[PDB]
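*Asks:* Pasting final-v2.tsv below, which is TSV, N, CA and C atoms and all ligand atoms.
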chain	number	residue	atom	x	y	z
A	1	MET	N	97.73	-20.62	223.40
A	1	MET	CA	97.00	-21.81	223.91
A	1	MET	C	95.95	-21.39	224.94
A	2	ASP	N	94.74	-21.90	224.80
A	2	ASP	CA	93.69	-21.55	225.76
A	2	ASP	C	92.91	-22.76	226.22
A	3	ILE	N	92.33	-22.62	227.40
A	3	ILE	CA	91.41	-23.59	227.96
A	3	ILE	C	90.00	-23.04	227.79
A	4	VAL	N	89.13	-23.88	227.27
A	4	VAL	CA	87.77	-23.50	227.00
A	4	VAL	C	86.86	-24.53	227.70
A	5	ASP	N	85.78	-24.06	228.33
A	5	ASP	CA	84.84	-24.98	228.96
A	5	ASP	C	84.03	-25.75	227.90
A	6	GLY	N	83.76	-25.12	226.76
A	6	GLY	CA	83.01	-25.77	225.71
A	6	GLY	C	81.55	-25.37	225.78
A	7	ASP	N	80.84	-25.56	224.68
A	7	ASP	CA	79.41	-25.27	224.62
A	7	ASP	C	78.67	-26.58	224.79
A	8	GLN	N	78.14	-26.84	225.99
A	8	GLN	CA	77.38	-28.09	226.27
A	8	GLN	C	76.02	-28.15	225.55
A	9	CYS	N	75.60	-27.03	224.96
A	9	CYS	CA	74.35	-26.98	224.17
A	9	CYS	C	74.48	-27.44	222.73
A	10	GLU	N	75.70	-27.76	222.28
A	10	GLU	CA	75.88	-28.07	220.86
A	10	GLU	C	75.22	-29.37	220.40
A	11	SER	N	74.94	-30.24	221.34
A	11	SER	CA	74.20	-31.46	221.10
A	11	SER	C	72.67	-31.27	221.14
A	12	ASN	N	72.19	-30.04	221.25
A	12	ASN	CA	70.76	-29.71	221.40
A	12	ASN	C	70.02	-30.62	222.39
A	13	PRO	N	70.42	-30.60	223.68
A	13	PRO	CA	69.81	-31.54	224.62
A	13	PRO	C	68.38	-31.16	225.04
A	14	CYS	N	67.99	-29.90	224.86
A	14	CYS	CA	66.65	-29.43	225.25
A	14	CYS	C	65.64	-29.84	224.19
A	15	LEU	N	64.62	-30.58	224.62
A	15	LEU	CA	63.69	-31.22	223.70
A	15	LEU	C	62.47	-30.35	223.43
A	16	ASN	N	61.72	-30.74	222.40
A	16	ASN	CA	60.35	-30.26	222.21
A	16	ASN	C	60.20	-28.75	222.08
A	17	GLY	N	61.12	-28.12	221.36
A	17	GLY	CA	61.10	-26.66	221.20
A	17	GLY	C	61.72	-25.89	222.34
A	18	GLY	N	62.26	-26.58	223.33
A	18	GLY	CA	62.99	-25.92	224.42
A	18	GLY	C	64.21	-25.12	223.95
A	19	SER	N	64.62	-24.15	224.75
A	19	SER	CA	65.80	-23.34	224.45
A	19	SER	C	67.00	-23.68	225.37
A	20	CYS	N	68.17	-23.93	224.80
A	20	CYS	CA	69.37	-24.28	225.59
A	20	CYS	C	70.27	-23.09	225.88
A	21	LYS	N	70.59	-22.86	227.15
A	21	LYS	CA	71.57	-21.86	227.55
A	21	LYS	C	72.78	-22.59	228.11
A	22	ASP	N	73.94	-22.36	227.51
A	22	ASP	CA	75.17	-22.98	227.97
A	22	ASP	C	75.56	-22.44	229.33
A	23	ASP	N	76.09	-23.31	230.19
A	23	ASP	CA	76.63	-22.88	231.46
A	23	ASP	C	78.01	-23.51	231.62
A	24	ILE	N	78.53	-23.51	232.85
A	24	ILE	CA	79.86	-24.02	233.13
A	24	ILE	C	79.75	-25.52	233.27
A	25	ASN	N	80.41	-26.23	232.36
A	25	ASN	CA	80.41	-27.70	232.36
A	25	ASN	C	78.99	-28.32	232.41
A	26	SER	N	77.99	-27.53	232.01
A	26	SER	CA	76.58	-27.91	232.06
A	26	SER	C	75.77	-26.99	231.15
A	27	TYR	N	74.45	-27.19	231.15
A	27	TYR	CA	73.49	-26.34	230.43
A	27	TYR	C	72.19	-26.30	231.25
A	28	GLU	N	71.32	-25.33	230.92
A	28	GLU	CA	69.96	-25.23	231.46
A	28	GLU	C	69.00	-25.14	230.27
A	29	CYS	N	67.83	-25.74	230.39
A	29	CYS	CA	66.81	-25.67	229.34
A	29	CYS	C	65.67	-24.74	229.74
A	30	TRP	N	65.28	-23.86	228.84
A	30	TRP	CA	64.11	-23.01	229.04
A	30	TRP	C	62.99	-23.63	228.26
A	31	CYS	N	62.01	-24.18	228.96
A	31	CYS	CA	60.98	-24.99	228.31
A	31	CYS	C	59.83	-24.16	227.75
A	32	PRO	N	59.23	-24.63	226.65
A	32	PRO	CA	58.10	-23.88	226.15
A	32	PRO	C	56.84	-24.24	226.94
A	33	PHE	N	55.77	-23.47	226.75
A	33	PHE	CA	54.47	-23.76	227.37
A	33	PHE	C	54.01	-25.20	227.12
A	34	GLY	N	53.74	-25.92	228.20
A	34	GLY	CA	53.21	-27.28	228.12
A	34	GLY	C	54.24	-28.37	228.33
A	35	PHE	N	55.49	-27.97	228.58
A	35	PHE	CA	56.58	-28.92	228.75
A	35	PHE	C	57.39	-28.62	229.99
A	36	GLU	N	57.82	-29.67	230.67
A	36	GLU	CA	58.66	-29.52	231.86
A	36	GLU	C	59.73	-30.62	231.94
A	37	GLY	N	60.52	-30.61	233.01
A	37	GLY	CA	61.64	-31.54	233.15
A	37	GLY	C	62.93	-30.82	232.82
A	38	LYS	N	64.06	-31.42	233.17
A	38	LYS	CA	65.35	-30.76	232.95
A	38	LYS	C	65.67	-30.61	231.46
A	39	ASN	N	65.18	-31.54	230.63
A	39	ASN	CA	65.38	-31.45	229.18
A	39	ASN	C	64.11	-31.12	228.42
A	40	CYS	N	63.11	-30.60	229.13
A	40	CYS	CA	61.77	-30.31	228.57
A	40	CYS	C	61.08	-31.53	228.01
A	41	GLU	N	61.42	-32.70	228.56
A	41	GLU	CA	60.91	-33.97	228.08
A	41	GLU	C	59.47	-34.34	228.51
A	42	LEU	N	58.92	-33.64	229.50
A	42	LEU	CA	57.64	-34.05	230.13
A	42	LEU	C	56.48	-33.15	229.74
A	43	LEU	N	55.41	-33.74	229.23
A	43	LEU	CA	54.22	-32.99	228.88
A	43	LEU	C	53.40	-32.70	230.13
A	101	LIG	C1	74.33	-32.89	224.53
A	101	LIG	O1	73.27	-33.84	224.31
A	101	LIG	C2	73.29	-35.00	225.16
A	101	LIG	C3	72.09	-35.90	224.84
A	101	LIG	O2	71.65	-35.64	223.51
A	101	LIG	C4	73.31	-34.52	226.61
A	101	LIG	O3	73.24	-35.59	227.55
A	101	LIG	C5	74.60	-33.76	226.81
A	101	LIG	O4	74.68	-33.31	228.14
A	101	LIG	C6	75.47	-34.18	228.95
A	101	LIG	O5	76.88	-33.94	228.73
A	101	LIG	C7	77.38	-32.69	229.19
A	101	LIG	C8	77.02	-32.46	230.66
A	101	LIG	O6	77.41	-31.12	230.97
A	101	LIG	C9	75.51	-32.61	230.92
A	101	LIG	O7	75.15	-32.58	232.31
A	101	LIG	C10	75.18	-31.32	232.98
A	101	LIG	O8	74.26	-30.36	232.42
A	101	LIG	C11	72.86	-30.61	232.58
A	101	LIG	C12	72.49	-30.85	234.04
A	101	LIG	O9	71.14	-31.31	234.14
A	101	LIG	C13	73.41	-31.90	234.66
A	101	LIG	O10	73.13	-31.96	236.06
A	101	LIG	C14	74.88	-31.55	234.46
A	101	LIG	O11	75.68	-32.64	234.93
A	101	LIG	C15	75.01	-33.95	230.38
A	101	LIG	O12	73.56	-33.97	230.43
A	101	LIG	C16	74.55	-32.50	225.98
A	101	LIG	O13	75.79	-31.83	226.11
A	102	CA	CA	79.89	-24.30	228.77
A	103	CA	CA	59.93	-34.18	220.47
What would you get if you wrote out this structure as structure tokens?
*Replies:*
Amino acid sequence: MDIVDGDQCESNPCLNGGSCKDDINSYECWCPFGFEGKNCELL
């Protein structure tokens, strides 16, 4: 039996060609050129 934090990136929360890196109980988005915001939502 194990405890797993889970992959919070499996829902693809990073938008607009952004890249998702899983973290602990969270994720970070690496945004492409021309996009910003926590989910790369902002032009
Ligand atoms: C999968 O996709 C949905 C929308 O399509 C996201 O909202 C889900 O992320 C949510 O659920 C898991 C939480 O870990 C996540 O919030 C944490 O990670 C991002 C940080 O910006 C935030 O401060 C932190 O609480 C939440 O956004 C995603 O799993
Ligand atoms: Ca995780
Ligand atoms: Ca889009």
*Asks:* Write out as number ranges by chain which residues come within 6 Å of segment 3-14 of chain A when counting only N, CA and C atoms, dropping same-chain ones fewer than 2 positions away.
*Replies:* A: 1, 16-20, 22-23, 25-27, 29, 39-40
*Asks:* Could you go through segment 2-38 of chain A and tell me which residues DSSP, when run on the backbone, assigns to strand (DSSP E or B), listing them as a ChimeraX atom specification?
*Replies:* /A:19-22,27-30,36
*Asks:* If I take atom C8 of ligand LIG 101 (chain A) and atom CA of residue 32 of chain A, how far is one from the other in Å, to one decimal?
*Replies:* 21.3 Å
*Asks:* Could you jot down the atom C of residue 24 of chain A to atom CA of ligand CA 102 (chain A) separation for me, Å, one decimal place?
*Replies:*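 Separation between atom C of residue 24 of chain A and atom CA of ligand CA 102 (chain A): 4.7 Å.
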*Asks:* Which one is closest to ligand CA 102 (chain A): A:35, A:15, A:21, A:42? Count only N, CA and C atoms and all ligand atoms.
*Replies:*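 Looking only at the distances to ligand CA 102 (chain A), the closest residue turns out to be A:21.
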